[PDB]
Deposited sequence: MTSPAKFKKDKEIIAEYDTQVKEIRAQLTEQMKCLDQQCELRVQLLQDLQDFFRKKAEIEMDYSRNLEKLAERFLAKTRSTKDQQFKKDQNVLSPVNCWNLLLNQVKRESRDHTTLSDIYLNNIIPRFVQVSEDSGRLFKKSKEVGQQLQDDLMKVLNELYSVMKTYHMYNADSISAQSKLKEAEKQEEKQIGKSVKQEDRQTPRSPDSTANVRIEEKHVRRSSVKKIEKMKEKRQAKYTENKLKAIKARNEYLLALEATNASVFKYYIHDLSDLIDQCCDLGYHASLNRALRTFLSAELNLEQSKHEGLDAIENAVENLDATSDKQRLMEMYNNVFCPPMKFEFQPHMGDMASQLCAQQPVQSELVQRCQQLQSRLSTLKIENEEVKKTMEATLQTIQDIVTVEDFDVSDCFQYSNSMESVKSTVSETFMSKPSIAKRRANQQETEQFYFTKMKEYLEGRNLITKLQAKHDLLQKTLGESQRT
């Protein structure tokens, strides 16, 4: 194994590490450029998004303002409508708020983490550079130390060969010449030892220097970015996003809950009561018509004297025969009416409102609607009958009862 061959193997191992150290600097540089591109993207994204939310908000504000400008007791369906407009006005405010946060809060942070990543990469490239220059020293320091040993070993091999002949040539003066060869060898074999020890100690230093870079110093260099507050500053910026999103959610929920309440109080009878107590001079029953005596009449009740008692009994009895027969027919019409009205209520209260299938990634309607229209049509027929019937029954029952009180039965 030759001098120049030993030195070439080591030259290669050193060119390998010199190569590798450059790659690590490229890779560390590429990773910074990725960090900086991402904070640029995050800026662009939140800038656009601010704009998007602001437009949305403005359309919403005009949508409410258009219907609020189209303007005592409030009827249930108007109250839903009012709260449906307040919900819109409120979502508008919220999305403006989300715009102010993207612009005055979230983006400033991305700008800052950008400037910092740049600054702190210069400071890290400097540390990277220092650490690589110091590994390059130690590696090049070994070349010379190897040479010195290689040299003082060539001397200690050459002087032990010439001493092989300084004894083989052994009349008195030849001994004087060969004892200076032993004074040269015991000088040169010491030189070899002293140089070999410096090399064994040089290897110890080289290997230790290499290992602390590769195992410890590299690793600490790579984390240096995220360790100084990259991840932690991201984390705050994103949670500001999530914060803002959660408050919108909550604000929206409070709004829609006021709508659900008002829908649940959709109530016809309360609305009726409120209609009547608004306009009382319109729905208030009049004073009943009183008997109005002519020429100062003395009596003012039914007179069932003679011979009229027999006619009044005839009348009363004939009213009662009709009343009994008419009421039974009327109650039959009333039954149909109510059963028909019921059928309508079952069509109009179908639970068809839940639309969750639509977020999940028939023409027979017209046939049913014709049937509905025909049912309503028939309902009103029977109502008009019912009412025509009830109106006679009302006057006959009235007359009959005045007679019955007056005459009796048996």
Need the unmodelled segments of the deposited chain, numbered from 1, in order.
1-7, 79-89, 189-224, 416-432, 482-484
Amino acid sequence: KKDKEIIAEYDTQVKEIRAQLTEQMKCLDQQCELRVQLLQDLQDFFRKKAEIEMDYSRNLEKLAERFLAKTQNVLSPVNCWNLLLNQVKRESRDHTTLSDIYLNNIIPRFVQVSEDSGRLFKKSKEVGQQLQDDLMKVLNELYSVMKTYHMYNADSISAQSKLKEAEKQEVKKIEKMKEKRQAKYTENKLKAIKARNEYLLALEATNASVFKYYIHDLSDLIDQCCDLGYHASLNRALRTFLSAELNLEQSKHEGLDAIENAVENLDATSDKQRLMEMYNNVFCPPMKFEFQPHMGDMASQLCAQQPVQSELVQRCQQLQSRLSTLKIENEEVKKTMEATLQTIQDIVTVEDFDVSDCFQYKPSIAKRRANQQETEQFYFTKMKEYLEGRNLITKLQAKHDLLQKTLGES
From here on, numbers count along this sequence of modelled residues.
Taking the recorded C-alpha temperature factors, which stretch has the higher mean, 362-370 or 34-42?
362-370
Mean Cα B-factor comparison, 154-162 or 318-326, giving the higher one as deposited
154-162
Selection from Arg239, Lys123, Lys180, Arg90 [criterion: highest C-alpha temperature factor in the record]
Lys180
Among the candidates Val74, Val308, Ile106, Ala258, give the one with the maximum CA B-factor reported in the record.
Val308
Mind checking which third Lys137 falls in for C-alpha B-factor across the chain?
middle
Going by what the PDB entry lists, where does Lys26 fall on CA B-factor within its chain: lowest, middle or highest third?
middle
Is the Cα B-factor recorded for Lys384 in the lowest, middle or highest third of its chain?
middle
What third of the chain, by the recorded C-alpha B-factor, contains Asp227?
highest
Determine, from the deposited record, the chain-internal third of the Cα B-factor for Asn235: lowest, middle or highest.
lowest
